[PDB]
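Heavy-atom basis, side chains included; hydrogens, waters and symmetry copies ignored. Count residues from 1 along the sequence. When a ligand or atom number is given, it counts from 1 through the structure's own listing order.
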Amino acid sequence: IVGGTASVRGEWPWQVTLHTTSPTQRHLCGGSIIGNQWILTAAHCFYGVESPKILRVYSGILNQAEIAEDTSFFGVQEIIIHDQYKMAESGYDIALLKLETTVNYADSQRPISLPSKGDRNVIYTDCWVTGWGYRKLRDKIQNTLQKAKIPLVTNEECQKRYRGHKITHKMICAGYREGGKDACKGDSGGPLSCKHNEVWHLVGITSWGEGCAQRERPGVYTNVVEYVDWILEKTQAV
Ligand SMILES: O=C(N[C@@H](Cc1ccccc1)C(=O)NCCc1cc(Cl)ccc1-n1cnnn1)c1ccc2[nH]c(=O)cc(O)c2c1
């Protein structure tokens, strides 16, 4: 996160850090708890990932320093990537992780509500992006979970800023004209969380952008409301 501040412990209790153990253990991506056995994250996070056996999901984390060899985690049973996904910039950048065991909810870890199809008209004015990502394009993974408040941008406004791309209705954008606050490397897969009528909704998944926090270059997020049917289909048993 560029231009953000440290989070308070447990203030983003749906936020997880997804690690890979290969070749040695490290943070891979953000993600969001959406059900007892389910993390929602970005499809591009699994480039080259051959098996779910190398993944570990940590919930209820503020600082990466909390994670040691003796720290408990959730194993991943299955990675489900959208069958139309090819790469982040062309959309469908969405994946589900089915956990091996069930998350026991608490003040430190609980699910975020998916947006309702009826809230596509809502004008969200209290949206936050969070993660352990870089503070600048060339940087490193941060210890403490960062947060930054960022306004949504219209898809017409966003399309003018990315004339070499197709900004689709299945994407949503956020950022300041002057730049300064944005997701960056290591944040992808995490939430764009918007507070509306005292309830948080998972509006976007951190997906892509040209550089980090640049002038007239909004972050681009998977527009989660466009995938509630897919999520429902994919989270069904057998
Ligand atoms: O590049 C990373 N993440 C990419 C995504 C990724 C994931 C897995 C493999 C390859 C790439 C990312 O977050 N990408 C973020 C994409 C992005 C989104 C938005 Cl909304 C706005 C701006 C950006 N940009 C960041 N940089 N340019 N644009 C990444 C992920 C985990 C890491 N762990 C480490 O220990 C050290 C790292 O350097 C590191 C880097």
Which option wins on minimum heavy-atom distance to atom 24 (N) of ligand 1: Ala88, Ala213, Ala183, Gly211?
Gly211

Test side-chain contact (heavy atoms from CB on, under 4.5 Å) applied to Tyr176 and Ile150, step by step:
CA-CA 7 Å; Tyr176 296 85; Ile150 303 175; 4.2 Å; yes

Residue-level breakdown please: for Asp182 versus ligand 1, do any non-hydrogen atoms fall below 4.0 Å on the side chain, on the backbone, on both, or on neither?
side chain

Within-cutoff protein neighbour (heavy atom, under 4.0 Å) for atom 16 (C) of ligand 1
yes

Heavy-atom contacts with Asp187 under 4.0 Å: which atoms of ligand 1 show up? List them by number with element.
13 (O)

Considering only distance and modelled atom types, tabulate donor-acceptor pairs under 3.5 Å from the side chains of residues 198-209, sequence neighbours left out.
unit_1	atom_1	unit_2	atom_2	d
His201	ND1	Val199	O	3.3
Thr206	OG1	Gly190	O	3.4
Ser207	OG	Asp93	OD2	2.6

Who gets closest to atom 3 (N) of ligand 1 by heavy atom: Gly186, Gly209, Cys212?
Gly186

Are any side-chain N or O atoms of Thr144 and backbone N or O atoms of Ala6, one a donor and one an acceptor, separated by less than 3.5 Å?
no

Nearest non-hydrogen protein atom to atom 39 (C) of ligand 1, with distance, is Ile141 CD1, 4.0 Å

I'd like to know if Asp182 pairs up with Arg217 as an ion pair, taking the criterion as any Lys NZ or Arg NE/NH1/NH2 lying under 4.0 Å from an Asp or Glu carboxylate oxygen.
no

Atom 30 (C) of ligand 1 - nearest protein heavy atom and its distance
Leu28 O, 3.3 Å

Does an N or O from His27, backbone or side chain, lie closer than 3.5 Å to an N or O of ligand 1?
yes

Can you sort out which atoms of ligand 1 are near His44, meaning under 4.0 Å from one of its heavy atoms?
5 (C), 6 (C), 7 (C)

Is it the case that ligand 1 has an N or O less than 3.5 angstrom from some N or O of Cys45?
no

Carboxylate-amine/guanidinium proximity below 4.0 Å for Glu226 and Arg120:
yes

Heavy-atom contacts under 4.0 Å between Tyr134 and ligand 1: side chain, backbone, both, or neither?
side chain

Please list, in number order, the atoms of ligand 1 under 4.0 Å from a heavy atom of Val220.
20 (Cl)

Please work out whether any backbone atom (N, CA, C, O) or any side-chain heavy atom from C-beta onward of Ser207 is under 4.0 Å from ligand 1, and answer side chain, backbone, both or neither.
backbone

Parallel, tilted or perpendicular: ring planes of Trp128 versus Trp12, cut at 30 and 60 degrees
tilted

Is any heavy atom of the protein nearer than 4.0 Å to atom 10 (C) of ligand 1?
no

Which residues end up grouped with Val8 if you chain together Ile, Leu, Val, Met, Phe, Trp and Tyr wherever their side-chain heavy atoms are less than 4.5 Å apart?
none

Between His196 and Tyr124, what is the ring plane arrangement, given parallel below 30°, perpendicular above 60°, and tilted in between?
perpendicular

Just to verify, which of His27, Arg56, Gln25 counts as forming a side chain to side chain donor-acceptor pair (under 3.5 Å) with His19?
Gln25

Salt bridge between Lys160 and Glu216, side-chain N to carboxylate O under 4.0 Å?
no

Nearest-neighbour protein heavy atom for atom 5 (C) of ligand 1, which is reported as residue plus atom name and distance:
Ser188 OG, 3.3 Å

So for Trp208, does at least one of its heavy atoms come nearer than 4.0 angstrom to any atom of ligand 1?
yes

